[PDB]
Every structure is written in C-alpha cells, then in structure tokens.
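Encoded as structure tokens, the following chain is the form deposited in one PDB entry, with no partner shown.
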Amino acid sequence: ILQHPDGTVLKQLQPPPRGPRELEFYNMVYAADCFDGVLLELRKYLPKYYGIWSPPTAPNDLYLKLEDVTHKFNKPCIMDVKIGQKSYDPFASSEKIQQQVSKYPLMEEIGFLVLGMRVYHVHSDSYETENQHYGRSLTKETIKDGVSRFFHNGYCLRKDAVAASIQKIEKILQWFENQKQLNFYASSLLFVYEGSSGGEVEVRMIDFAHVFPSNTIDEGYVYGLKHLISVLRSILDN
C-alpha cells in the first residue's frame, strides 16, 4: 500500500493468481454496465475503485488505484482484521491448506484474526503499532482484551468508536445475509477512527485476492462478523 496525497492508495498486484483475481473482483463490482443490485450495494462497503494503474514508463507494473479510507482523518487509528473461518480458498492444495491453518489454527474457532493495528496515544503524541504476531498470539481467553487494545487512547476506552464499529459491521453483515453469489477468503475489514471525533468510524472491506463465485451464504464470513460484533459488544460493558 502506497499512500498518495490525492486521497488514494496504490496497491501493487500480488503475484499470480492472486493479483489478477483481485483486479477481476474490482472490475466486476465496479463494472460501468453493472445493474446487479447485490454488487451495487456492495460498493458502499469497499474502497472506491479508480481502475488499474501502471507507471507511465512501466506497463508491466500493475496496481489498483483505490480510495484511501484513512484520508479524511487527522490522527487515524487503524486496525486490519482478517474475516472468516478459513484463510484458504476452495481450490487450495493440501500443502496450502496446512500452511494457512498453521499460520493461525484458531481461525475456525474465532472467525477472525487481527492482522495489525496503529493506535495514536494523546498523552505521548505518538503511535504504538502491533504486527501480525500480535493477533496470531491471541486466544479465546485473550481475544476481547486483544481487540480492546485498539480502542485505548492515551486516556480512556473509546466506547464511542466501539459502538460505531458495531453499527457499521452490522450493515456489512446485512449485505452478507442478503447475497449468495460471492464467498470471501483471506479478506479483511479495515477499521479507522479519529485519534486526535466522537463516534466517527470507517469500516471497509479490503483485500480480494481470494473471492470466488458461490451458490451459498458465506457462512464463515458471517460467523466471523457475528463473533467480532459479540466481542465489541462485550467491550461496551468494560
């Protein structure tokens, strides 16, 4: 992810088949002639898509030009959460399944994994960050406190941002409960709130290298969303 001052990010296409698949996803959803109500509704929860982009001198180097979801914030607090019970897709080899499950064997049970967070603290005027090892260390016993960490500024627990997050996830959950044409693997929710304000949050779906046609509800994604909502709800009782 490369931030541009014009309020966009450039995401470099991952190696094949992942990068081409994510390009195809965005191209399908943002098709100029799309009249599918499911895909039109989905646009509200994605970064705005500005099409494929490559440097003027390097047609080989493929990027997606996407809305920077953090752009409108002064001191954005950012958390990336992978959603689902399986981080591998329906066409993974035995090797690949074992690789993905070993990366976080609690994915089936918890339904989400914190990929990282960047939290602005008022009283130090600085950012703590957690890398992928943080979320991969979280268990059933520590997931609530693990998630809570995102909402701790230098002073209080930002229950305002917690409640707003629930309300926005609920809309995304509503979309998932009203569609049976896409299943999403190893995709994420990007949380942003203002660290410098009240109840102002972004929650956007990102990372679509493993999105596939389906005939069913995305049950794994629904489970992950519902557990995440339940965890956030319990934090409101702190």
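All residue numbers are counted from 1 along the displayed sequence. Rigid core (definition): largest C-alpha set, two forms, superposition within 1.5 Å.
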ask   = Does the entry skip any residues of the deposited sequence between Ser196 and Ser197, and if so, is it 1 to 3, 4 to 9, or 10 or more, or none at all?
value = 4 to 9
Residue range whose averaged C-alpha B-factor is higher in the record, 207-215 or 26-34 = 26-34
key: 151-159 versus 86-94 - which carries the larger mean C-alpha B factor in the record   = 151-159
task = Could you tell me which one of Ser137, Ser102, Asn74, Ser165 shows the highest CA temperature factor in the PDB record?
result = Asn74
query = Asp145's Cα B-factor: lowest, middle or highest third of the chain?
reply = middle
request  = Please place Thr70 in the lowest, middle or highest third of its chain by C-alpha B factor as given in the entry.
outcome  = middle
task = State the tercile, meaning the lowest, middle or highest third, of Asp80 with respect to the CA B-factors recorded for its chain.
result = lowest
task = Check where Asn178 lands among this chain's C-alpha B-factors and tell me if it's the lowest, middle or highest third.
result = highest
query = Among the modelled residues of its chain, does the C-alpha B-factor of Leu42 lie in the lowest, middle or highest third?
reply = middle
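Keep in mind that the form deposited in another entry is missing from the display, and what follows is about it.
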note = The one residue in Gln167, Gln98, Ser137, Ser126 whose CA moves 2 Å or more between this form and the one not shown on rigid core superposition is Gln167
message = Given a core-based superposition, decide whether the C-alpha of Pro56 shifts by 2 Å or more between this form and the one not shown.
response = yes
query = Once everything's superposed on the core, is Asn27 shifted 2 Å or more at the Cα between this form and the one not shown?
reply = no
ask   = Once you line up the core, how about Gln179: does its CA shift reach 2 Å between this form and the one not shown?
value = yes
Cα separation of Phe191 and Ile166 in the other form versus here, shift of 3 Å or more = closer
remark   = in the other form the CA atoms of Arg118 and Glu170, compared with here and shifted by at least 3 Å, lie closer
